[PDB]
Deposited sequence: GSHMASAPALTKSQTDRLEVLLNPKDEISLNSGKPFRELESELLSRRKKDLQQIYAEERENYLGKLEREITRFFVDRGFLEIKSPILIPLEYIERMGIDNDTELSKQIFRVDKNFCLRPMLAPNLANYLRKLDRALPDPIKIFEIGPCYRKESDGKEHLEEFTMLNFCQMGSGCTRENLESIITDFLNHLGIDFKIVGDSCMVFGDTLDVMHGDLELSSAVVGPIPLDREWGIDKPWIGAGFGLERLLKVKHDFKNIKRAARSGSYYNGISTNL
């Protein structure tokens, strides 16, 4: 009873990291699927009976409490943004072809940074130093690596402007944040076209975040005239680590999985 690719694919959809079953044992496909179908139905029934909270929603609310309690202002900015923002962020016409365009002059935001830069500039006229804000929400990029990449994902970006915007403080916040989530990490240098040199938060070979210590030459284009620090995290990658997901689609907005459990049962 060798399994076809279509049969292995269907078993992999039903398989969860907590399972310890071999698909290549010689057991017939009919009894592997039935066993997996039964476990996943029990998993969902237990979710429906005792938790009912969505993984991505629950993680957003946990992160929201963490940063609100540490003095950061909670932001909810537009997801549909001017196409003008893209070229102003230094995305030359690369990442520019990853943009989902809407009508003629607008697009789906590929990051939170530009909306947050605007808020920092505006809030600095009213609030005392330092200015601390954060946002969690959908971002959109056309991608070509279906394993750690989604086209529709969830970003956290926290940032600070004014005093205390040092590398050591930025690392300290990242450390407190990931220690709160129970995720081990290392920091390695990297570079992107938008911000220059970055501090990349790595969990093994998985990039959890890119963080930046300003100032950078891009600040003038956005009216930023003070020291600042910031970091962007992918929530679906955080869930992938936390739940040992093989595929990041297990954690994404989807009609095909609920909290890592297949919905095709």
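Absence of C-alpha coordinates is noted for several segments of the deposited sequence, namely 1 to 7, 101 to 102.
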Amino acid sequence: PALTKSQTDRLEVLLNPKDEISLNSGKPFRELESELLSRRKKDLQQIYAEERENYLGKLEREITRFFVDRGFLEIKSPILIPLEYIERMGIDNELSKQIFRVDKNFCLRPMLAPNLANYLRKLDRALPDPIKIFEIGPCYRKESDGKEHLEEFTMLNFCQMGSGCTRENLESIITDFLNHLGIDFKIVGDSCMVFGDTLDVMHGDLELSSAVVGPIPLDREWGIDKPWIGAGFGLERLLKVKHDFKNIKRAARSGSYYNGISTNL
From here on, numbers count along this sequence of modelled residues.
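Looking at mean Cα B-factors across 184 to 192 and 127 to 135, the upper value is held by 184 to 192. Between the stretches 118 to 126 and 151 to 159, it is 118 to 126 that shows the larger average CA temperature factor. Within the listed group 225, 207, 236, 62, the record reports its top CA B-factor for 225.
Highest C-alpha temperature factor among 165, 79, 89, 174 per the entry: 89. In this PDB entry, the Cα temperature factor of residue 141 sits in the middle third of its chain's modelled residues.
Ranked within its chain, residue 107 lands in the middle third, by CA B factor from the PDB record. Sorting the modelled residues of the chain by their CA temperature factor places residue 27 in the highest third.
In this PDB entry, the Cα temperature factor of residue 12 sits in the bottom third of its chain's modelled residues, the lowest group. Among the modelled residues of its chain, residue 53 has a C-alpha B-factor that falls in the lowest third, as given in the PDB entry.
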